[PDB]
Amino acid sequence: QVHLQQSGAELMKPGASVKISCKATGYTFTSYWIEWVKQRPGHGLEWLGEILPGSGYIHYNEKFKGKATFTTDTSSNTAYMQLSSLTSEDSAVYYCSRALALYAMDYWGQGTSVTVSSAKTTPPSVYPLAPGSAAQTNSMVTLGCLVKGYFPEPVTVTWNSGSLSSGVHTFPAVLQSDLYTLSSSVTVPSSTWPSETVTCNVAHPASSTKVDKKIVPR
């Protein structure tokens, strides 16, 4: 029953500001401090501050003085954190947890990612990856899909509805210049191509995009 439910993923522009929430159930809100932690892709975990839902007792990591501001709402058992003057530094996943002087951070919320980009929504371009030569290291040929120029993060790749899942690699998306790029490889035994039909399924929700590329030889 002890649970911390954080607000969904947010997409912001450089210089704006944002309000992240964390709701507490299963325990009495005003007896535990809420803890705020920042996780950057390459910078580990970072303690921001803490707040006791009762009275405005707050303790800040100085690095974030005037970057992060903390509030709580007793009537809705919700803690709040505000980020302001957003840059790329502020782009991260944010955790709320729970603490007492004696027992720190037993329970954690699910996380909230704040991405900060002056990039508008964009559908992904889906390009086939057929091999240059019929050159297989084994009885298995590799085929691919390149998915590039899209925003924001979520994109799913499927091979033939989902019928083919074994022998697939779909790679962490990367930042092309302000839009995302990723590709996906699929190993398939030689007999079933181009005998059978191999197609990649690319879904971008935040742009309502259904695109399929069948991968023809050459």
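Just count from 1 along the sequence shown to find any residue number.
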(request) Could you check which stretch, 143 to 151 or 98 to 106, carries the larger mean CA temperature factor in the entry? (result) 143 to 151
(request) Return whichever of 19 to 27 and 196 to 204 has the greater mean Cα B factor according to the PDB record. (result) 196 to 204
(request) Specify which of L45, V186, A68, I58 carries the largest Cα B factor in the deposited PDB entry. (result) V186
(request) Report the option among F171, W159, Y32, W36 whose CA atom has the maximum B-factor in the deposited record. (result) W159
(request) Sorting the chain's modelled residues by C-alpha B-factor, tell me whether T121 ends up in the lowest, middle or highest third. (result) middle
(message) Ranking every modelled residue in this chain by its Cα temperature factor as given in the entry, which third contains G167?
(response) highest
(request) Consider only the C-alpha atoms of the modelled residues in this chain, order them by B-factor as the entry records it, and name the third containing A134: lowest, middle or highest. (result) highest
(request) For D178, return the chain-relative third of its C-alpha B-factor as stated in the PDB record: lowest, middle or highest. (result) highest
